[PDB]
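Data first, discussion second: the structure below is written as structure tokens.
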Amino acid sequence: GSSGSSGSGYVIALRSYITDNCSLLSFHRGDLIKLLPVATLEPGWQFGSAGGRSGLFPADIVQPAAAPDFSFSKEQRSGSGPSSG
């Protein structure tokens, strides 16, 4: 039963994670890591791309960030104006 009609997933690197392997991912502080579609992952490990290379980076050095894309949507209504505190 799917509920989340829309789907998003963009995280930014908080610190530089230099790696000397292929399996892992190498990126610097700020390099946004696009969350790629994966079947199953581990409790703490993440899977995505940071431009051209793909690897597994820790979810303890990255933070979530709004998506660079914007999907049109109804114009929410502004605060009517509550009288009673």
query: Amide H of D31: which non-local residues (sequence gap of 5 or more, or other chain) have their own amide H closer than 5 Å, using H built in the peptide plane?
result: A13
task: Would you mind checking which residues have amide H under 5 Å from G48's amide H? H placed 1.01 Å from N; only 5 or more apart, or other chain.
output: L36, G55, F57
message: I need the phi-derived Karplus couplings for segment 54-64: 6.51 cos²θ - 1.76 cosθ + 1.60, θ = phi - 60°, integer Hz, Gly and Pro marked x.
response: 10, x, 9, 10, x, 8, 10, 10, 10, 10, x
message: Quick check: Cα centre of segment 49-85 to Cα centre of segment 1-21, how many Å?
response: 12
- prompt: How big is the antiparallel share of DSSP beta bridges in the chain, given as a percent to the nearest 5?
  reply: 90
- prompt: Considering only DSSP states other than H, G, I, E and B, which trypsin sites (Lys or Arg not before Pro) in segment 1-58 qualify as loop sites with at most 15 other Cβ atoms within 10 Å?
  reply: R15, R29, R53
message: Suppose a student asked you for the relative contact order of the chain, using Cα pairs under 8 Å spaced at least 6 residues apart; what percent would you report?
response: 28
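Using a 10 Å cut-off on Cβ atoms, rank the peptides 56-66, 72-82 from the highest mean neighbour count down.
On the way: 56-66: 13.6, 72-82: 5.6.
Ranked by mean Cβ neighbours within 10 Å, highest first: 56-66, 72-82.
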message: Just want the ordering: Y10, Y17, from fewest to most Cβ atoms lying within 10 Å of their own Cβ.
response: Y10, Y17
- prompt: What value does the chain have for Rg/Rh, both radii from Cα atoms and Rh as Kirkwood defines it?
  reply: 1.17
query: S6 versus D20, label points 7 Å from Cα toward the beta carbon: distance in nm?
result: 4.4
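In this analysis, Cβ positions are derived from the backbone assuming ideal geometry, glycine residues included, and neighbour counts consider all displayed protein chains. A short reminder: the numbers here are calculations on the coordinates, not readings from a lab.
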